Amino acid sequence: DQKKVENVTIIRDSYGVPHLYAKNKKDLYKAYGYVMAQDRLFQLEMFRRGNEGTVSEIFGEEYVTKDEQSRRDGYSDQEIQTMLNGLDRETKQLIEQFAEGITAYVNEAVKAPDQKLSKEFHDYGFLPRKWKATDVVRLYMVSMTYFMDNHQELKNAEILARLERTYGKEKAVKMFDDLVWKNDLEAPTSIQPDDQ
(Lines of atoms letter the chains of each structure in order from A and count residues from 1; the text may use other names and numbers.)
(Lines give C-alpha, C1' and ligand atoms only; values in the text may rest on other atoms or scores of the structure.)
Protein backbone atom coordinates (compact mmCIF):
# COMPACT_ATOMS: atom_id res chain seq x y z
CA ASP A 1 0.00 0.00 0.00
CA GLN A 2 0.98 3.65 -0.53
CA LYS A 3 0.79 6.18 2.30
CA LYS A 4 1.93 9.74 3.02
CA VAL A 5 3.66 10.63 6.30
CA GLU A 6 4.15 14.41 6.12
CA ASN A 7 5.89 15.12 2.78
CA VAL A 8 7.30 11.60 2.22
CA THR A 9 5.51 8.90 0.24
CA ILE A 10 5.84 5.46 1.84
CA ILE A 11 5.15 2.44 -0.36
CA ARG A 12 5.07 -0.89 1.46
CA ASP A 13 5.59 -3.90 -0.81
CA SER A 14 4.11 -7.39 -0.46
CA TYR A 15 6.67 -8.33 2.21
CA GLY A 16 6.05 -5.14 4.14
CA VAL A 17 9.36 -3.49 3.16
CA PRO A 18 8.96 0.33 3.16
CA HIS A 19 10.17 2.30 0.14
CA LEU A 20 10.48 5.99 0.98
CA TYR A 21 10.16 8.75 -1.64
CA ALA A 22 11.24 12.15 -0.32
CA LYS A 23 12.01 15.55 -1.81
CA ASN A 24 15.18 16.02 0.27
CA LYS A 25 17.37 14.15 2.71
CA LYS A 26 16.06 15.83 5.88
CA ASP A 27 12.55 14.52 5.15
CA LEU A 28 13.91 11.13 4.05
CA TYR A 29 15.88 10.39 7.17
CA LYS A 30 12.97 11.40 9.45
CA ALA A 31 10.75 8.97 7.57
CA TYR A 32 13.51 6.34 7.84
CA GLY A 33 13.49 6.51 11.62
CA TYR A 34 9.70 6.58 11.69
CA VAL A 35 9.13 3.42 9.65
CA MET A 36 11.88 1.61 11.61
CA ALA A 37 10.12 2.50 14.84
CA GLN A 38 6.72 1.52 13.41
CA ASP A 39 8.12 -1.89 12.65
CA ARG A 40 10.57 -2.47 15.50
CA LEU A 41 10.00 -0.10 18.44
CA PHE A 42 10.43 -2.65 21.27
CA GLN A 43 13.59 -3.98 19.65
CA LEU A 44 15.01 -0.47 19.31
CA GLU A 45 14.13 0.26 22.95
CA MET A 46 15.87 -2.85 24.22
CA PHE A 47 18.96 -2.40 22.03
CA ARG A 48 19.29 1.13 23.43
CA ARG A 49 18.88 -0.17 26.99
CA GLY A 50 21.58 -2.71 26.22
CA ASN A 51 24.06 0.06 25.44
CA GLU A 52 22.95 2.23 28.36
CA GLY A 53 23.12 -0.66 30.81
CA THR A 54 19.45 -0.41 31.84
CA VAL A 55 18.16 -3.84 30.78
CA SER A 56 17.98 -5.00 34.41
CA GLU A 57 15.21 -2.43 34.96
CA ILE A 58 13.06 -4.57 32.67
CA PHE A 59 14.41 -8.12 32.90
CA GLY A 60 15.89 -8.29 36.37
CA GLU A 61 19.02 -9.38 38.19
CA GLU A 62 20.13 -11.85 35.50
CA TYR A 63 21.26 -8.90 33.32
CA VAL A 64 23.01 -6.85 36.04
CA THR A 65 26.52 -8.05 35.18
CA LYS A 66 25.84 -7.39 31.48
CA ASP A 67 24.56 -3.90 32.31
CA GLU A 68 27.72 -3.32 34.38
CA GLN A 69 29.99 -4.33 31.50
CA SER A 70 28.11 -2.06 29.09
CA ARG A 71 28.48 0.98 31.37
CA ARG A 72 32.08 0.14 32.18
CA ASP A 73 33.16 0.28 28.55
CA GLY A 74 30.64 2.83 27.32
CA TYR A 75 30.23 6.59 27.06
CA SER A 76 28.18 9.27 28.74
CA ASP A 77 25.55 11.21 26.84
CA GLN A 78 27.87 14.26 26.94
CA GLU A 79 30.73 12.23 25.43
CA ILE A 80 28.47 11.01 22.64
CA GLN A 81 27.18 14.53 22.04
CA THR A 82 30.79 15.67 21.66
CA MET A 83 31.21 12.96 19.01
CA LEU A 84 28.17 14.24 17.13
CA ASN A 85 29.42 17.83 17.37
CA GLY A 86 32.53 16.76 15.42
CA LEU A 87 30.60 15.51 12.39
CA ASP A 88 29.79 17.44 9.24
CA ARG A 89 26.87 19.70 10.10
CA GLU A 90 24.63 18.07 7.47
CA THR A 91 25.39 14.57 8.76
CA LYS A 92 24.62 15.53 12.33
CA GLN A 93 21.33 17.10 11.21
CA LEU A 94 20.29 13.93 9.42
CA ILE A 95 21.03 11.78 12.49
CA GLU A 96 18.89 14.25 14.48
CA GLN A 97 16.11 13.87 11.88
CA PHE A 98 16.35 10.06 12.17
CA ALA A 99 15.92 10.35 15.95
CA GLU A 100 12.99 12.77 15.40
CA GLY A 101 11.30 10.12 13.25
CA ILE A 102 11.67 7.42 15.90
CA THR A 103 10.34 9.92 18.45
CA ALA A 104 7.38 10.74 16.23
CA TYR A 105 6.29 7.09 16.37
CA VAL A 106 6.96 6.86 20.11
CA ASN A 107 4.67 9.84 20.67
CA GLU A 108 1.98 8.33 18.44
CA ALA A 109 2.28 4.95 20.15
CA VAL A 110 2.12 6.28 23.72
CA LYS A 111 -1.01 8.26 22.85
CA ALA A 112 -2.73 5.15 21.40
CA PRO A 113 -0.96 2.48 23.44
CA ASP A 114 -3.46 -0.34 23.19
CA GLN A 115 -3.26 -0.27 19.39
CA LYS A 116 0.28 0.94 18.66
CA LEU A 117 2.46 -0.22 21.57
CA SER A 118 3.53 -3.82 20.99
CA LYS A 119 2.66 -6.62 23.35
CA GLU A 120 6.07 -6.70 25.04
CA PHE A 121 5.58 -3.18 26.45
CA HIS A 122 2.21 -4.19 27.89
CA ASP A 123 3.50 -7.49 29.31
CA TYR A 124 6.56 -5.88 30.95
CA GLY A 125 4.63 -2.83 32.05
CA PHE A 126 6.64 0.14 30.82
CA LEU A 127 6.58 2.89 28.20
CA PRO A 128 9.12 3.74 25.48
CA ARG A 129 11.00 6.98 25.87
CA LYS A 130 11.70 9.67 23.30
CA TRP A 131 14.96 9.61 21.37
CA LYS A 132 17.86 12.01 20.77
CA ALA A 133 20.68 11.75 18.24
CA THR A 134 22.96 10.44 21.00
CA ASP A 135 20.63 7.41 21.25
CA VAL A 136 21.15 6.69 17.54
CA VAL A 137 24.89 6.48 18.17
CA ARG A 138 24.16 4.09 21.05
CA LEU A 139 22.28 1.80 18.65
CA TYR A 140 25.35 1.72 16.40
CA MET A 141 27.77 1.03 19.25
CA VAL A 142 25.75 -1.78 20.89
CA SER A 143 26.09 -4.03 17.84
CA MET A 144 29.13 -2.88 15.88
CA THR A 145 31.51 -2.83 18.85
CA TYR A 146 30.81 -6.54 19.48
CA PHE A 147 32.76 -7.37 16.33
CA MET A 148 35.78 -5.30 17.40
CA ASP A 149 36.09 -5.96 21.13
CA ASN A 150 37.91 -8.86 22.65
CA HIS A 151 40.16 -9.71 25.54
CA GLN A 152 42.13 -12.49 23.84
CA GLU A 153 45.42 -10.84 24.92
CA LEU A 154 44.47 -11.74 28.50
CA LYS A 155 43.50 -15.28 27.57
CA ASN A 156 46.85 -15.65 25.80
CA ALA A 157 48.79 -14.46 28.84
CA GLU A 158 46.93 -17.03 30.93
CA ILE A 159 47.59 -19.83 28.42
CA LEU A 160 51.31 -19.09 28.41
CA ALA A 161 51.52 -18.77 32.22
CA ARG A 162 49.64 -22.02 32.81
CA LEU A 163 51.75 -23.86 30.27
CA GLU A 164 54.97 -22.43 31.77
CA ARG A 165 54.23 -23.49 35.33
CA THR A 166 53.61 -27.11 34.29
CA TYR A 167 55.98 -27.59 31.32
CA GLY A 168 58.64 -24.91 31.79
CA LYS A 169 59.25 -21.77 29.78
CA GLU A 170 61.14 -23.21 26.79
CA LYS A 171 58.43 -25.77 25.95
CA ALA A 172 55.58 -23.39 26.82
CA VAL A 173 56.89 -20.79 24.37
CA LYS A 174 57.03 -23.36 21.53
CA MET A 175 53.54 -24.64 22.31
CA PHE A 176 52.10 -21.13 22.42
CA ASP A 177 53.70 -20.23 19.07
CA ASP A 178 51.78 -23.14 17.52
CA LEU A 179 48.50 -22.12 19.24
CA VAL A 180 48.59 -18.37 18.48
CA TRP A 181 51.00 -17.83 15.58
CA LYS A 182 52.61 -14.56 14.53
CA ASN A 183 51.82 -15.00 10.82
CA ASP A 184 50.72 -18.17 8.99
CA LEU A 185 52.04 -17.45 5.53
CA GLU A 186 49.87 -20.23 4.08
CA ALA A 187 46.59 -18.80 5.34
CA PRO A 188 44.18 -18.13 2.42
CA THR A 189 43.87 -14.44 1.65
CA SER A 190 41.27 -12.34 -0.05
CA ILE A 191 43.80 -10.40 -2.14
CA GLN A 192 47.36 -11.00 -3.27
CA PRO A 193 50.14 -8.50 -2.42
CA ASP A 194 50.56 -7.50 -6.08
CA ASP A 195 46.95 -6.25 -6.04
CA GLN A 196 47.49 -3.61 -3.32
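Numbering starts at 1 and runs along the sequence shown.
Legend: mean Cα B-factor per stretch from the PDB entry, 50-58 versus 63-71; the higher mean is in 63-71. Stretch comparison (166-174 versus 134-142) by mean CA B-factor in the PDB entry places 166-174 on top. In the PDB entry, a CA B factor belonging to the highest third of its chain's modelled residues is recorded for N150. Sort the chain's modelled residues by C-alpha temperature factor and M83 lands in the middle third, per the entry. The deposited CA B-factor of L185 belongs to the middle third of values across its chain. For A109, the recorded CA B-factor ranks within the highest third of the chain. Only modelled residues enter the ranking.
Annotation for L179: C-alpha temperature factor in the lowest third relative to the rest of the modelled chain, per the entry.
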